[PDB]
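S.K.: Take a look at start_0.pdb, PDB, C-alpha atoms and all ligand atoms:
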```
ATOM      1  CA  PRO L  26       0.000   0.000   0.000  1.00  0.00           C
ATOM      2  CA  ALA L  27       3.023   2.288  -0.500  1.00  0.00           C
ATOM      3  CA  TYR L  28       4.016   2.860   3.119  1.00  0.00           C
ATOM      4  CA  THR L  29       6.058   5.945   3.995  1.00  0.00           C
ATOM      5  CA  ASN L  30       7.921   7.304   7.015  1.00  0.00           C
ATOM      6  CA  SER L  31       6.815  10.541   8.678  1.00  0.00           C
ATOM      7  CA  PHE L  32      10.050  12.261   9.635  1.00  0.00           C
ATOM      8  CA  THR L  33       9.158  15.341  11.734  1.00  0.00           C
ATOM      9  CA  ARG L  34       5.605  16.328  10.627  1.00  0.00           C
ATOM     10  CA  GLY L  35       2.689  16.016  13.117  1.00  0.00           C
ATOM     11  CA  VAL L  36       3.144  18.563  15.919  1.00  0.00           C
ATOM     12  CA  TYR L  37       0.643  21.100  17.203  1.00  0.00           C
ATOM     13  CA  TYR L  38       0.265  23.742  19.875  1.00  0.00           C
ATOM     14  CA  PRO L  39      -1.188  21.753  22.855  1.00  0.00           C
ATOM     15  CA  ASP L  40      -2.449  24.901  24.707  1.00  0.00           C
ATOM     16  CA  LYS L  41      -3.050  28.647  23.993  1.00  0.00           C
ATOM     17  CA  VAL L  42      -0.282  29.517  26.486  1.00  0.00           C
ATOM     18  CA  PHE L  43       2.520  31.964  25.724  1.00  0.00           C
ATOM     19  CA  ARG L  44       6.047  30.887  26.666  1.00  0.00           C
ATOM     20  CA  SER L  45       9.255  32.604  25.564  1.00  0.00           C
ATOM     21  CA  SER L  46      12.698  31.041  25.065  1.00  0.00           C
ATOM     22  CA  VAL L  47      12.126  28.047  27.343  1.00  0.00           C
ATOM     23  CA  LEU L  48      12.134  24.285  26.916  1.00  0.00           C
ATOM     24  CA  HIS L  49       8.942  22.572  28.048  1.00  0.00           C
TER      25      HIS L  49
ATOM     26  CA  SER R 530     -16.783  46.437  35.147  1.00  0.00           C
ATOM     27  CA  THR R 531     -14.546  49.326  34.190  1.00  0.00           C
ATOM     28  CA  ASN R 532     -10.837  48.595  34.008  1.00  0.00           C
ATOM     29  CA  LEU R 533      -8.457  50.333  36.454  1.00  0.00           C
ATOM     30  CA  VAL R 534      -4.774  49.536  35.656  1.00  0.00           C
ATOM     31  CA  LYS R 535      -1.818  50.523  37.974  1.00  0.00           C
ATOM     32  CA  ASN R 536      -4.089  52.644  40.245  1.00  0.00           C
ATOM     33  CA  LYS R 537      -3.506  50.130  43.115  1.00  0.00           C
ATOM     34  CA  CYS R 538      -3.253  46.360  43.812  1.00  0.00           C
ATOM     35  CA  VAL R 539      -6.699  44.984  42.920  1.00  0.00           C
ATOM     36  CA  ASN R 540      -7.976  41.424  43.088  1.00  0.00           C
ATOM     37  CA  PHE R 541      -9.670  40.382  39.878  1.00  0.00           C
ATOM     38  CA  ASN R 542     -11.154  37.767  37.565  1.00  0.00           C
ATOM     39  CA  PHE R 543     -10.810  38.331  33.841  1.00  0.00           C
ATOM     40  CA  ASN R 544     -12.255  35.126  32.475  1.00  0.00           C
ATOM     41  CA  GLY R 545     -11.315  32.240  34.790  1.00  0.00           C
ATOM     42  CA  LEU R 546      -8.307  33.409  36.889  1.00  0.00           C
ATOM     43  CA  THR R 547      -7.607  33.907  40.660  1.00  0.00           C
ATOM     44  CA  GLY R 548      -5.896  37.290  39.976  1.00  0.00           C
ATOM     45  CA  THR R 549      -5.051  39.274  43.194  1.00  0.00           C
ATOM     46  CA  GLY R 550      -2.235  41.292  41.491  1.00  0.00           C
ATOM     47  CA  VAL R 551      -1.524  44.945  40.461  1.00  0.00           C
ATOM     48  CA  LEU R 552      -1.800  45.488  36.666  1.00  0.00           C
ATOM     49  CA  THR R 553       0.635  47.287  34.308  1.00  0.00           C
ATOM     50  CA  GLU R 554       1.097  48.020  30.622  1.00  0.00           C
ATOM     51  CA  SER R 555       3.126  45.376  28.808  1.00  0.00           C
ATOM     52  CA  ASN R 556       4.847  45.268  25.432  1.00  0.00           C
ATOM     53  CA  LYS R 557       5.586  41.560  25.019  1.00  0.00           C
ATOM     54  CA  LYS R 558       5.059  40.026  21.603  1.00  0.00           C
ATOM     55  CA  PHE R 559       2.046  37.764  21.742  1.00  0.00           C
ATOM     56  CA  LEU R 560       0.412  35.414  19.251  1.00  0.00           C
ATOM     57  CA  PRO R 561      -3.229  35.960  18.207  1.00  0.00           C
ATOM     58  CA  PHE R 562      -4.831  32.687  19.269  1.00  0.00           C
ATOM     59  CA  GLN R 563      -2.999  32.774  22.606  1.00  0.00           C
ATOM     60  CA  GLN R 564      -4.639  34.129  25.751  1.00  0.00           C
ATOM     61  CA  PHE R 565      -2.167  34.384  28.641  1.00  0.00           C
ATOM     62  CA  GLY R 566       1.514  33.732  29.390  1.00  0.00           C
ATOM     63  CA  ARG R 567       3.373  32.026  32.283  1.00  0.00           C
ATOM     64  CA  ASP R 568       7.002  33.247  32.754  1.00  0.00           C
ATOM     65  CA  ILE R 569       8.551  30.527  35.032  1.00  0.00           C
ATOM     66  CA  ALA R 570       7.240  27.847  37.481  1.00  0.00           C
ATOM     67  CA  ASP R 571       3.750  27.930  35.826  1.00  0.00           C
ATOM     68  CA  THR R 572       3.144  31.359  37.407  1.00  0.00           C
ATOM     69  CA  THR R 573       0.957  33.562  35.212  1.00  0.00           C
ATOM     70  CA  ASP R 574       2.744  36.830  34.490  1.00  0.00           C
ATOM     71  CA  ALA R 575       0.785  38.364  31.609  1.00  0.00           C
ATOM     72  CA  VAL R 576      -2.836  38.187  30.488  1.00  0.00           C
ATOM     73  CA  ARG R 577      -4.801  39.646  27.588  1.00  0.00           C
ATOM     74  CA  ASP R 578      -8.149  41.387  27.912  1.00  0.00           C
ATOM     75  CA  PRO R 579     -10.929  40.562  25.425  1.00  0.00           C
ATOM     76  CA  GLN R 580     -11.665  44.221  24.711  1.00  0.00           C
ATOM     77  CA  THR R 581      -8.270  44.817  23.024  1.00  0.00           C
ATOM     78  CA  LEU R 582      -4.977  43.230  21.970  1.00  0.00           C
ATOM     79  CA  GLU R 583      -3.774  45.128  25.056  1.00  0.00           C
ATOM     80  CA  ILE R 584      -1.727  42.768  27.217  1.00  0.00           C
ATOM     81  CA  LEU R 585      -1.224  43.389  30.932  1.00  0.00           C
ATOM     82  CA  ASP R 586       1.574  42.345  33.253  1.00  0.00           C
ATOM     83  CA  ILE R 587       0.957  41.054  36.772  1.00  0.00           C
ATOM     84  CA  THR R 588       3.147  41.873  39.758  1.00  0.00           C
ATOM     85  CA  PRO R 589       2.506  40.654  43.313  1.00  0.00           C
ATOM     86  CA  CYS R 590       1.644  43.236  45.926  1.00  0.00           C
ATOM     87  CA  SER R 591       4.708  44.270  47.897  1.00  0.00           C
ATOM     88  CA  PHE R 592       5.586  42.688  51.246  1.00  0.00           C
ATOM     89  CA  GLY R 593       8.593  42.583  53.564  1.00  0.00           C
ATOM     90  CA  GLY R 594       9.760  42.583  57.156  1.00  0.00           C
ATOM     91  CA  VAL R 595       9.927  45.587  59.462  1.00  0.00           C
ATOM     92  CA  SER R 596      13.045  45.981  61.598  1.00  0.00           C
ATOM     93  CA  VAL R 597      13.860  48.269  64.518  1.00  0.00           C
ATOM     94  CA  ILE R 598      17.119  50.152  65.102  1.00  0.00           C
ATOM     95  CA  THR R 599      17.975  51.019  68.669  1.00  0.00           C
ATOM     96  CA  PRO R 600      20.937  52.476  70.583  1.00  0.00           C
ATOM     97  CA  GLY R 601      20.146  50.549  73.740  1.00  0.00           C
ATOM     98  CA  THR R 602      17.623  51.128  76.489  1.00  0.00           C
ATOM     99  CA  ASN R 603      19.689  52.906  79.119  1.00  0.00           C
ATOM    100  CA  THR R 604      21.260  55.401  76.723  1.00  0.00           C
ATOM    101  CA  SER R 605      18.065  56.687  75.099  1.00  0.00           C
ATOM    102  CA  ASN R 606      14.565  55.841  73.924  1.00  0.00           C
ATOM    103  CA  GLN R 607      14.606  56.912  70.295  1.00  0.00           C
ATOM    104  CA  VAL R 608      14.306  54.255  67.611  1.00  0.00           C
ATOM    105  CA  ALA R 609      14.343  54.010  63.845  1.00  0.00           C
ATOM    106  CA  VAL R 610      12.244  51.783  61.611  1.00  0.00           C
ATOM    107  CA  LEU R 611      13.398  50.033  58.452  1.00  0.00           C
ATOM    108  CA  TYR R 612      10.833  48.589  56.060  1.00  0.00           C
ATOM    109  CA  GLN R 613      12.956  46.119  54.118  1.00  0.00           C
ATOM    110  CA  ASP R 614      13.135  45.634  50.368  1.00  0.00           C
ATOM    111  CA  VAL R 615      10.221  47.886  49.310  1.00  0.00           C
ATOM    112  CA  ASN R 616       9.785  51.165  47.334  1.00  0.00           C
ATOM    113  CA  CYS R 617       8.299  53.346  50.103  1.00  0.00           C
ATOM    114  CA  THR R 618       5.561  55.540  48.579  1.00  0.00           C
ATOM    115  CA  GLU R 619       3.024  53.122  50.178  1.00  0.00           C
ATOM    116  CA  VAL R 620       4.484  53.156  53.768  1.00  0.00           C
ATOM    117  CA  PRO R 621       1.246  54.791  55.255  1.00  0.00           C
ATOM    118  CA  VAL R 622      -0.730  51.990  53.542  1.00  0.00           C
ATOM    119  CA  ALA R 623       1.035  49.236  55.586  1.00  0.00           C
ATOM    120  CA  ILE R 624      -1.469  47.106  57.614  1.00  0.00           C
ATOM    121  CA  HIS R 625       1.031  45.375  59.991  1.00  0.00           C
TER     122      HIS R 625
ATOM    123  CA  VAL X 963       7.696  26.057  44.369  1.00  0.00           C
ATOM    124  CA  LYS X 964       6.853  22.979  42.294  1.00  0.00           C
ATOM    125  CA  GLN X 965       5.848  21.299  45.544  1.00  0.00           C
ATOM    126  CA  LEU X 966       3.526  24.240  46.141  1.00  0.00           C
ATOM    127  CA  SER X 967       1.469  23.388  43.060  1.00  0.00           C
ATOM    128  CA  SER X 968       0.816  19.731  43.902  1.00  0.00           C
ATOM    129  CA  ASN X 969      -2.351  18.642  45.664  1.00  0.00           C
ATOM    130  CA  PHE X 970      -1.092  16.190  48.328  1.00  0.00           C
ATOM    131  CA  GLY X 971      -4.445  14.407  48.265  1.00  0.00           C
ATOM    132  CA  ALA X 972      -7.545  16.496  47.780  1.00  0.00           C
ATOM    133  CA  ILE X 973     -10.163  17.374  45.180  1.00  0.00           C
ATOM    134  CA  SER X 974      -8.229  20.456  44.054  1.00  0.00           C
ATOM    135  CA  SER X 975      -4.916  22.146  44.821  1.00  0.00           C
ATOM    136  CA  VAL X 976      -5.827  25.829  45.276  1.00  0.00           C
ATOM    137  CA  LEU X 977      -7.428  26.627  48.625  1.00  0.00           C
ATOM    138  CA  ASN X 978     -10.353  28.775  47.483  1.00  0.00           C
ATOM    139  CA  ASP X 979     -12.067  25.957  45.599  1.00  0.00           C
ATOM    140  CA  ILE X 980     -12.064  23.660  48.625  1.00  0.00           C
ATOM    141  CA  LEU X 981     -13.183  26.564  50.806  1.00  0.00           C
ATOM    142  CA  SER X 982     -16.124  28.184  49.010  1.00  0.00           C
ATOM    143  CA  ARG X 983     -16.976  25.344  46.672  1.00  0.00           C
ATOM    144  CA  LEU X 984     -17.631  22.749  49.393  1.00  0.00           C
ATOM    145  CA  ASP X 985     -19.388  22.884  52.760  1.00  0.00           C
ATOM    146  CA  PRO X 986     -17.322  24.494  55.533  1.00  0.00           C
ATOM    147  CA  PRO X 987     -16.776  21.487  57.853  1.00  0.00           C
ATOM    148  CA  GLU X 988     -15.453  18.812  55.463  1.00  0.00           C
ATOM    149  CA  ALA X 989     -13.718  21.583  53.537  1.00  0.00           C
ATOM    150  CA  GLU X 990     -11.864  22.118  56.808  1.00  0.00           C
ATOM    151  CA  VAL X 991     -10.947  18.421  56.778  1.00  0.00           C
ATOM    152  CA  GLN X 992      -9.510  18.615  53.256  1.00  0.00           C
ATOM    153  CA  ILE X 993      -7.675  21.793  54.265  1.00  0.00           C
ATOM    154  CA  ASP X 994      -6.131  19.962  57.202  1.00  0.00           C
ATOM    155  CA  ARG X 995      -4.537  17.273  55.057  1.00  0.00           C
ATOM    156  CA  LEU X 996      -3.242  19.755  52.488  1.00  0.00           C
ATOM    157  CA  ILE X 997      -1.616  21.770  55.278  1.00  0.00           C
ATOM    158  CA  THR X 998       0.221  18.741  56.619  1.00  0.00           C
ATOM    159  CA  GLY X 999       1.713  18.080  53.203  1.00  0.00           C
ATOM    160  CA  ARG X1000       2.983  21.607  52.616  1.00  0.00           C
ATOM    161  CA  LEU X1001       4.556  21.671  56.069  1.00  0.00           C
ATOM    162  CA  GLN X1002       6.560  18.564  55.196  1.00  0.00           C
ATOM    163  CA  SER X1003       7.947  20.231  52.082  1.00  0.00           C
ATOM    164  CA  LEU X1004       9.198  23.185  54.115  1.00  0.00           C
ATOM    165  CA  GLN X1005      10.793  20.712  56.525  1.00  0.00           C
ATOM    166  CA  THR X1006      13.045  19.069  53.951  1.00  0.00           C
ATOM    167  CA  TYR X1007      14.135  22.361  52.420  1.00  0.00           C
ATOM    168  CA  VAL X1008      15.349  23.799  55.716  1.00  0.00           C
ATOM    169  CA  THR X1009      17.230  20.649  56.697  1.00  0.00           C
ATOM    170  CA  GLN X1010      19.044  20.448  53.365  1.00  0.00           C
TER     171      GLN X1010
ATOM    172  CA  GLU D 819      39.551  39.850  38.377  1.00  0.00           C
ATOM    173  CA  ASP D 820      37.618  41.333  35.387  1.00  0.00           C
ATOM    174  CA  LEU D 821      37.924  38.018  33.517  1.00  0.00           C
ATOM    175  CA  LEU D 822      36.880  36.024  36.572  1.00  0.00           C
ATOM    176  CA  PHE D 823      33.914  38.328  37.060  1.00  0.00           C
ATOM    177  CA  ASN D 824      32.634  37.791  33.521  1.00  0.00           C
ATOM    178  CA  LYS D 825      33.117  34.019  33.347  1.00  0.00           C
ATOM    179  CA  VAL D 826      30.642  33.222  36.128  1.00  0.00           C
ATOM    180  CA  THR D 827      27.163  33.666  34.619  1.00  0.00           C
ATOM    181  CA  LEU D 828      24.081  33.077  36.759  1.00  0.00           C
ATOM    182  CA  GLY D 857       6.699  34.400  50.150  1.00  0.00           C
ATOM    183  CA  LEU D 858      10.413  34.267  49.357  1.00  0.00           C
ATOM    184  CA  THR D 859      12.994  36.997  49.854  1.00  0.00           C
ATOM    185  CA  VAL D 860      16.688  37.486  49.134  1.00  0.00           C
ATOM    186  CA  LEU D 861      18.635  39.726  51.458  1.00  0.00           C
ATOM    187  CA  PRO D 862      21.629  41.693  50.170  1.00  0.00           C
ATOM    188  CA  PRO D 863      25.213  40.969  51.229  1.00  0.00           C
ATOM    189  CA  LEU D 864      26.618  43.305  53.837  1.00  0.00           C
ATOM    190  CA  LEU D 865      29.824  44.114  51.930  1.00  0.00           C
ATOM    191  CA  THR D 866      29.576  45.284  48.343  1.00  0.00           C
TER     192      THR D 866
HETATM  193  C1  LIG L1101      24.373  51.537  79.381  1.00  0.00           C
HETATM  194  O1  LIG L1101      24.563  50.167  79.019  1.00  0.00           O
HETATM  195  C2  LIG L1101      25.752  49.945  78.247  1.00  0.00           C
HETATM  196  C3  LIG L1101      25.750  48.487  77.849  1.00  0.00           C
HETATM  197  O2  LIG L1101      24.443  47.931  77.911  1.00  0.00           O
HETATM  198  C4  LIG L1101      26.980  50.340  79.060  1.00  0.00           C
HETATM  199  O3  LIG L1101      28.140  50.187  78.249  1.00  0.00           O
HETATM  200  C5  LIG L1101      26.860  51.783  79.533  1.00  0.00           C
HETATM  201  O4  LIG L1101      27.934  52.094  80.412  1.00  0.00           O
HETATM  202  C6  LIG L1101      25.534  52.002  80.257  1.00  0.00           C
HETATM  203  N1  LIG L1101      25.378  53.399  80.627  1.00  0.00           N
HETATM  204  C7  LIG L1101      25.716  53.878  81.826  1.00  0.00           C
HETATM  205  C8  LIG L1101      25.485  55.342  82.037  1.00  0.00           C
HETATM  206  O5  LIG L1101      26.189  53.162  82.703  1.00  0.00           O
HETATM  207  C1  LIG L1102       8.689  54.401  43.760  1.00  0.00           C
HETATM  208  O1  LIG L1102       7.367  54.917  43.615  1.00  0.00           O
HETATM  209  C2  LIG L1102       7.311  56.267  43.148  1.00  0.00           C
HETATM  210  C3  LIG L1102       5.846  56.679  43.052  1.00  0.00           C
HETATM  211  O2  LIG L1102       5.736  58.097  42.889  1.00  0.00           O
HETATM  212  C4  LIG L1102       8.011  56.397  41.798  1.00  0.00           C
HETATM  213  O3  LIG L1102       8.031  57.767  41.381  1.00  0.00           O
HETATM  214  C5  LIG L1102       9.441  55.895  41.889  1.00  0.00           C
HETATM  215  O4  LIG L1102      10.037  55.915  40.588  1.00  0.00           O
HETATM  216  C6  LIG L1102       9.433  54.472  42.428  1.00  0.00           C
HETATM  217  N1  LIG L1102      10.784  53.926  42.521  1.00  0.00           N
HETATM  218  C7  LIG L1102      11.834  54.528  43.085  1.00  0.00           C
HETATM  219  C8  LIG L1102      13.084  54.524  42.255  1.00  0.00           C
HETATM  220  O5  LIG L1102      11.819  55.042  44.193  1.00  0.00           O
END
```
Go through the file and emit its structure as structure tokens.

M.R.:
Amino acid sequence: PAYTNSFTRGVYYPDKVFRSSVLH
Amino acid sequence: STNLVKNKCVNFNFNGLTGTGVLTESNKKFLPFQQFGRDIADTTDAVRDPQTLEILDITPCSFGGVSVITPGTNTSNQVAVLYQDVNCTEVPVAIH
Amino acid sequence: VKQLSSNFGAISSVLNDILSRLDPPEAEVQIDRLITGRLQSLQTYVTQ
Amino acid sequence: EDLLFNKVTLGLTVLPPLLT
């Protein structure tokens, strides 16, 4: 069925929170 | 309710928040779909009002410890008072 | 501070919900347990 | 001292040291 690998696509903002220059 | 910003510390509820902080004008860049921002330790520092793109900072109301200076009982009875770590334009508005 | 946010065994973490949003007496019971937890956190910090 | 001073990059209160 022509499988494919998804490299780094599939990420979304989990919350409407604003965070600046941090790792969470 | 009308909005009073920086007049004095004022407890509040914008949409679903505990509040209890003084409000000030902010200039932080802020995305459209976002609503509020937490600086560090999940503490909410800035919020956005629905009536404008105007964002507001939050600062806790000042507190500190009062200390007493004294030259000793037998020498004299004057003292001096030091309110620690606080801008003092609110000294007459100190409850304790 | 992280320890401040946790609930230590209760319906909610922040005090005001337990206070106003339940009856006073058993709200007092939930308050009692949450107090014991926060006191323990202060204990370990000072000793370290 | 200038080099040493630059290399080191860093209900709660923090009191100030007594000697500046
Ligand atoms: C007052 O007390 C201080 C120490 O507490 C002492 O040095 C001083 O001599 C006393 N004053 C008099 C007049 O004795
Ligand atoms: C303290 O508060 C007064 C309010 O008039 C303000 O003018 C001053 O800039 C504040 N900070 C300082 C530096 O004292």

S.K.: Please evaluate the PyMOL selection byres (((chain D and resi 860) around 12) and not hetatm) against the structure above and give the resulting residues as a ChimeraX atom specification.

M.R.: /R:593-594,613-614 /D:857-859,861-863

S.K.: Please write the residues picked by the PyMOL selection byres (((not hetatm)) within 10 of (chain L and resi 1101)) on this file as number ranges by chain.

M.R.: R: 600-605

S.K.: List as JSON, numbers by chain the protein and nucleic acid residues lying within 8 Å of ligand LIG 1102 (chain L), with all atoms listed in the file counted.

M.R.: {"R": [616, 617, 618]}

S.K.: Going by the chain IDs and residue numbers used in this file, which residues fall under the ChimeraX specification (/X :<12) & /R? Write them as an MDAnalysis selection string.

M.R.: chainID R and resid 546:547 569:572

S.K.: Residues as selected, C-alpha atoms, written as an mmCIF file, in the coordinates of the input, can you do that?

M.R.:
```
data_model
loop_
_atom_site.group_PDB
_atom_site.id
_atom_site.type_symbol
_atom_site.label_atom_id
_atom_site.label_comp_id
_atom_site.auth_asym_id
_atom_site.auth_seq_id
_atom_site.Cartn_x
_atom_site.Cartn_y
_atom_site.Cartn_z
ATOM 1 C CA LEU R 546 -8.307 33.409 36.889
ATOM 2 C CA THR R 547 -7.607 33.907 40.660
ATOM 3 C CA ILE R 569 8.551 30.527 35.032
ATOM 4 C CA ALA R 570 7.240 27.847 37.481
ATOM 5 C CA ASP R 571 3.750 27.930 35.826
ATOM 6 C CA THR R 572 3.144 31.359 37.407
#
```

S.K.: Find the residues around residue 558 in chain R up to 10 Å (all atoms listed in the file counted), leave out those fewer than 2 positions away in its own chain, and share them as number ranges by chain.

M.R.: L: 43, 45; R: 555-556, 560-561, 584

S.K.: When the cut-off is 12 Å and we count all atoms listed in the file, which residues of chain L are near chain R, given as number ranges by chain?

M.R.: L: 38-49

S.K.: Name all residues at most 12 Å from residue 548 in chain R (count only C-alpha atoms; drop same-chain ones fewer than 3 positions away) and give them as a PyMOL selection string.

M.R.: chain R and resi 538-545+551-552+572-576+585-590

S.K.: Counting only C-alpha atoms, what is within 12 Å of residue 965 in chain X, bar same-chain residues fewer than 6 positions away, as a ChimeraX atom specification?

M.R.: /R:570-571 /X:975,996,999-1004,1006-1007

S.K.: Please give the centre and size of the box around range 820-865 of chain D (axis-aligned, containing every atom listed in the file, 3 Å added per side), with values in Å to one decimal and written as JSON.

M.R.:
```
{"center_x": 22.3, "center_y": 38.6, "center_z": 43.6, "size_x": 37.2, "size_y": 17.0, "size_z": 26.5}
```

S.K.: Would you mind telling me which residue in R:591, R:606, R:599, R:549 lies nearest to chain D when using all atoms listed in the file?

M.R.: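 Of R:591, R:606, R:599, R:549, the one nearest chain D is R:591, counting all atoms listed in the file.
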
S.K.: As an exercise, work out the distance from CA of residue 37 in chain L to CA of residue 578 in chain R in Å and give it to one decimal place.

M.R.: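 Interatomic distance, CA of residue 37 in chain L to CA of residue 578 in chain R: 24.6 Å.
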